[PDB]
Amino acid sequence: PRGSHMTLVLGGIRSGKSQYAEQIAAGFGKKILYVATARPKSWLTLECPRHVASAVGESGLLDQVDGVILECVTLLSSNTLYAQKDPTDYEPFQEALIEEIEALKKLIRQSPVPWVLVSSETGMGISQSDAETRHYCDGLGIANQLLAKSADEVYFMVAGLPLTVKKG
């Protein structure tokens, strides 16, 4: 796809989501911006542990590429949690992560090139006891909801194969 098109690819551990997202990115074009939040030589890498929208817009690199792949919403959410004063307090973390995600959504709406985003599903096991991990799971689920609802396409990976959750 071309334009301000957005695809969300989510799945569990070893679900093949990164491979599938890279296929989608290759479908965008040959010059891909790889945004890492923690490989083809025509791809550019921009490393942004936080404030992804600001850093990508300031880089001006959206005007240089055919598309963007974001790896990954999971680490963006954990980075946001551990940047807070008290990782055991849910509300400030949630506010910060929503801010991050809304800035990303806005940048994508205005983006000249399409984006594919990789994220993790972590909410379908047994709930953990310590507040930090619970908060991280909760906030990641919220981020994934926001992205899926704004995305044009959403794919849920099961054992390397994509289930279409939302399509054009």
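Quick note: we count residues from 1 along the sequence shown, nothing fancier.
The modelled chain breaks between residue 38 and residue 39, where 10 or more residues of the deposited sequence lack coordinates. Looking at mean Cα B-factors across 48 to 56 and 95 to 103, the upper value is held by 48 to 56. Looking at 60 to 68 and 139 to 147 together, the entry lists the larger mean B-factor for 60 to 68, computed on C-alpha atoms. Of all the options 116, 108, 32, 124, the entry's greatest CA B-factor is assigned to 32. When the CA B factors of the chain's modelled residues are split into thirds, the value for residue 166 lands in the lowest one.
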